[PDB]
**Q** 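Below you'll find the structure I mean.
Chain letters run A, B, ... following the sequence lines, proteins first, then strands; residues in each count from 1. Just the heavy atoms: all of them, side chains too, but no hydrogens, waters or symmetry mates, feed the values below. First listed ligand is number 1; within each ligand, the first listed atom is number 1.
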2 protein chains.
Amino acid sequence: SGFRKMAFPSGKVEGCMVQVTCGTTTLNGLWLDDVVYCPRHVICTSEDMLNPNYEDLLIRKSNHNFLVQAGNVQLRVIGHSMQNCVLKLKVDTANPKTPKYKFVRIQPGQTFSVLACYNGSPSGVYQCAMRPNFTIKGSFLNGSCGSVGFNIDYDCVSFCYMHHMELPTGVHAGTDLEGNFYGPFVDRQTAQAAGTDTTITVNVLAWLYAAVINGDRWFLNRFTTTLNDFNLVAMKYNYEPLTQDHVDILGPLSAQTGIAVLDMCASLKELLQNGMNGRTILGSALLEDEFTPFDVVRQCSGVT
Amino acid sequence: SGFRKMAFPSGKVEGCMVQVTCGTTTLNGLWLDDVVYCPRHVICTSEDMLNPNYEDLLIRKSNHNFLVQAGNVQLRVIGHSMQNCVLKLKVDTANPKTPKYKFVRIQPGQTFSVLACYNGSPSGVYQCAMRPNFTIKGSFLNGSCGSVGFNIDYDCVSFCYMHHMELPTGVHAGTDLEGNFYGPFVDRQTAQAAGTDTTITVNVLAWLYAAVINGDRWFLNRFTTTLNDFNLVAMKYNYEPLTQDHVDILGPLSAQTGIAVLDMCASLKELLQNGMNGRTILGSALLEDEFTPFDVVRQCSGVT
Ligand SMILES: *CC(=O)Nc1cccc(C(=O)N2CCSCC2)c1
Ligand SMILES: *CC(=O)Nc1cccc(C(=O)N2CCSCC2)c1
């Protein structure tokens, strides 16, 4: 029993983190096989970042200008290229700790673990969600970019995020490992405002199911609703619209608890309309939305 | 910027987890040097757990009755002993992945990372605190006991917790790695009620400092208080008494923010008396108490 905001064990990713230095800029890189992936803004001075021309800046850079250090050992860079907003540094040594891995581009509402790193050294691990506005709410100080987000399926690490920037509102933007930003953000020190940070409804419902499984039941009510009725209330409260696809995804939790998805929607509707009245659910005073239905099943069933 | 409930990177501990089987009971063990540590209730049937005599049960057990499996390779058990509520299984092979480590007995209010494991396989990592009632609020299913809690100082893992039991209220009890339970709990399936789960005041204040550092400032007020005045309010709200030792520990955060500890106490007092009025602090609707002052400095300064 109990339900925690749980990250994947980070060891497989720890074994991939390196330091990348270009001139006076140092950040983190991801070493998989004989390639090191890092944000392309490693080539920028803070001055460059106001309006960088990355292709032009890269012309001034040779293989020997990219210093890659794995622990306290230097890797030899034998090639470099820019793919979207990442650099790929070819090194002469395959990472001996390379796990089975994939690159995945996640959808908003999907959760992942971040291994926060500084100078290629792991500092901490925490669980994030891709927000509906394609930001994440992370914990990233100076030196953290190139820190990665990932999911693990048994022995395969799916990398989904590399950290690039902090918006002036202190929320975070980054890329997949093909170097494509999530959302409309660019690797430039300019005006970039996030859109509405809406609540991930399907995740809230998953977490209400988790609450019921773990004995938090006070919010279960006598009501049901319809997708369209629920969605009117969702709209009012800046919750994402619930689709039949979301209902289908919650089916296993519905089955386990015997609470129809639309009944849990009606419970959520009343919580939105009535508030918590100073009560808590799984130790939270707000409705948690950074657990996916898959997360709730995993943690409630004990997958490794 | 940003502030997250962050665990230590778990790789060093992942390399220590093994499966221990005695008859039909399987749980987790910690392999350091040539010793495997595990809960002594590995020798019990669920029936035994009603009123176990561990010394008597252990007489029926030989080295060859303890099956220890590290990945898919079996370790040879050449010795076993009971120390308090843990078994120490001597194996013929030193764990080649043994990190620098210590065993520490933590005090209530101290935080640590848990690597939740099943059959010696890591499932997840999360951050906990030793509650003032010597419970932890974990996420532990059947098969999770022998999962460990730890802090990391650079390259040294300090192990502070091994999971043993779930109280009927779904909170968790366990031992240090010398096998001594935190608090009054025993490894028996009997009536064990937890005491008052009081709020760790010094940790709340640390987290208010973290909030100010990260731009959440709405709760800063025009007031100050005294330790004795604050403590009257703390008592009313089931908060731990604040001592001058706690004030001294918050000095660096006081210095960084320029907010006197007693001024932040006065802010906390008003939050206790007035509530949040539907506002949030660092994405929480309640006052978070599972960050230590050391945690806030670490995460706000980016230690690896
Ligand atoms: C991605 C990231 O962290 N960018 C960055 C921005 C400014 C400065 C640096 C940098 O090189 N350092 C090393 C010295 S201490 C500050 C971080 C990186
Ligand atoms: C420490 C712990 O998890 N204890 C425990 C209690 C009951 C049963 C087991 C056990 O052996 N298994 C393996 C089969 S599936 C249930 C967990 C362990």
**Q** Please list the nearest protein heavy atom to atom 5 (C) of ligand 2 with its residue and the distance rounded to 0.1 Å.
**A** B:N142 ND2, 3.5 Å

**Q** If the contact criterion is a heavy-atom separation under 4.0 Å, does B:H41 count as touching ligand 2?
**A**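 Checking ligand 2 against B:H41, which is what was asked, there is a heavy-atom contact under 4.0 Å.
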
**Q** In terms of atom number and element, which parts of ligand 2 are under 4.0 angstrom from non-hydrogen atoms of B:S144?
**A**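 Result: 3 (O).
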
**Q** On the six-membered ring of A:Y182, is A:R105 placed so that its NZ or CZ lies under 6.0 angstrom from the centre and within 45° of the ring axis?
**A** yes

**Q** Which of the numbered atoms in ligand 2 are below 4.0 angstrom from a heavy atom of B:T25?
**A** 11 (O)

**Q** For the rings on A:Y161 and A:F112, is their centre-to-centre separation under 6.0 Å?
**A**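 Centroid distance A:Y161-A:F112: below 6.0 Å, so yes.
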
**Q** A:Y126 and B:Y126: aromatic ring centres closer than 6.0 Å?
**A** no

**Q** Numbering the atoms of ligand 1 from 1, which are under 4.0 Å from a heavy atom of A:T24?
**A** 11 (O)

**Q** Any idea which protein heavy atom is nearest atom 1 (C) of ligand 2, and the distance to it?
**A** B:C145 SG, 1.8 Å

**Q** Who's the nearest protein heavy-atom neighbour of atom 3 (O) of ligand 1, and how far?
**A**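 Here the closest protein heavy atom is A:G143 N, 2.6 Å.
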
**Q** Could you tell me whether B:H163 approaches ligand 2 through its side chain, its backbone, both or neither, with non-hydrogen atoms closer than 4.0 Å?
**A** neither

**Q** So which heavy atom in the protein is nearest atom 18 (C) of ligand 2, and how far is it from that ligand atom?
**A**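 Nearest protein contact, heavy atoms only, for atom 18 (C) of ligand 2 is B:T26 O, 3.8 Å.
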
**Q** Within 4.0 Å of atom 11 (O) of ligand 2 (strictly less), any protein heavy atom?
**A** yes

**Q** My understanding is that only residues two or more places apart in sequence, or in another chain, count here; which of them pass side chain to side chain donor-acceptor pair (under 3.5 Å) with A:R76?
**A** none

**Q** Is there side-chain contact between A:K90 and A:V77, with heavy atoms separated by less than 4.5 Å?
**A** no

**Q** Between A:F140 and A:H163, how do the two ring planes meet: parallel, tilted or perpendicular, split at 30° and 60°?
**A** parallel

**Q** Cut-off 3.5 Å, side chains only: do B:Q19 and B:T26 have a donor facing an acceptor?
**A** no

